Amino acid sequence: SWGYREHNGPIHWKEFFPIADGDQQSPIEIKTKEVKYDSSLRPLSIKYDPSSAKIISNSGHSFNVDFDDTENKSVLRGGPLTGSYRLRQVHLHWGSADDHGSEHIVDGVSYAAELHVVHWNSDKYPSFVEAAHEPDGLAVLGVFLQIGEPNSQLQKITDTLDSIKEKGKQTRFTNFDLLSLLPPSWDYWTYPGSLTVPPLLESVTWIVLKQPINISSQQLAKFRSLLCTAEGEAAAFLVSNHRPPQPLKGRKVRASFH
């Protein structure tokens, strides 16, 4: 099955998910001189209820914090979006060194990690599953992490990691103030793209925040101790789980700021 090791990692994904070589794949190199300022873009309109988070789990490919998406308590609107996108999922990508962990890369700068916040269009689709298959279905907010001061909200997550070391393990996790985790500036770039993991669907409006948030090197390194293997199977660690940048193929990357 797909992963990030030699035999199953990103260069091999196309073997099983041919859309891996499609025309709207993510992540991308963000080249600031090539981005177009677009005054029609709106500020982000962000509403995240800390009681929405319910469960943290090891998928084998990241941790996922799962939110109750029963109704519209936590929604992202504005930015480049038409309509309201409901909070589903948060997860993180990193690498084996603090030097190079993010998925989007900004004029050659890879950050230590990248947080993705996944939302779905409940104004047009009845469920996350239906939305994940359509071009306007998903919106993912990307937030870079750089090494700096320990992050008190991320410490809540690192504290759970011992309990979800094995693939498939979950534990209850709530009261996660996602809104306060975001950087002080919400200026962003946006472009049409895809999920960065299989099935790689071209369903995502990406919103990548320019300003990183910090994490300590100690906190970040606790993520690499997750296993990508389930209880009772040869142990292998999830030391790195970022996909390389993909060709832009004529897509417009827009900035909400100049």
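Residues carry their position along the shown sequence, with the first being 1. Here, rigid core means the biggest group of C-alpha atoms that superpose within 1.5 Å across both forms.
Inset, instruction - On a core superposition, give the stretch, 172-180 or 110-118, with the larger average C-alpha separation from this form in 9 other deposited structures of this protein (RMS over structures and residues). - result: After the core superposition, the stretch with higher RMS deviation in 9 other deposited structures of this protein is 172-180.
Legend entry - Segment of greater CA departure in 9 other deposited structures of this protein, 153-161 or 82-90, core superposed: Greater root mean square C-alpha distance in 9 other deposited structures of this protein: 153-161.
Legend entry - Selected stretch [higher average CA B-factor]: 53-61 or 34-42: Mean B over CA atoms: larger for 34-42.
Legend entry - Mean temperature factor over C-alpha atoms, higher-scoring stretch between 168-176 and 111-119: Averaging CA B-factors over each stretch, the winner is 168-176.
Inset, instruction - Check the PDB entry and point out which of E71, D98, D187, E103 has the largest C-alpha temperature factor. - result: Checking the PDB record, the top C-alpha B-factor among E71, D98, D187, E103 is at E71.
Inset, instruction - Just grab whichever of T229, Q218, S203, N214 has the top CA B-factor as deposited. - result: Of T229, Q218, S203, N214, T229 has the highest C-alpha B-factor.
Inset, instruction - Determine, from the deposited record, the chain-internal third of the Cα B-factor for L248: lowest, middle or highest. - result: As the PDB entry reports it, the C-alpha B-factor of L248 lands in the middle third of its chain.
Inset, instruction - Determine, from the deposited record, the chain-internal third of the Cα B-factor for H133: lowest, middle or highest. - result: Within its chain, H133 is a highest-third residue by C-alpha B-factor, going by the deposited values.
Legend entry - Ranked against its chain, the third holding the CA B-factor of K124: Middle third of the chain for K124's C-alpha B-factor.
Legend entry - Third of the chain's Cα B-factor distribution that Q155 belongs to, per the entry: Tercile = highest for this residue's CA B-factor.
Inset, instruction - Would you mind checking where the Cα B-factor of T82 ranks among the modelled residues of its chain, as the lowest, middle or highest third? - result: It falls in the middle third of the chain.
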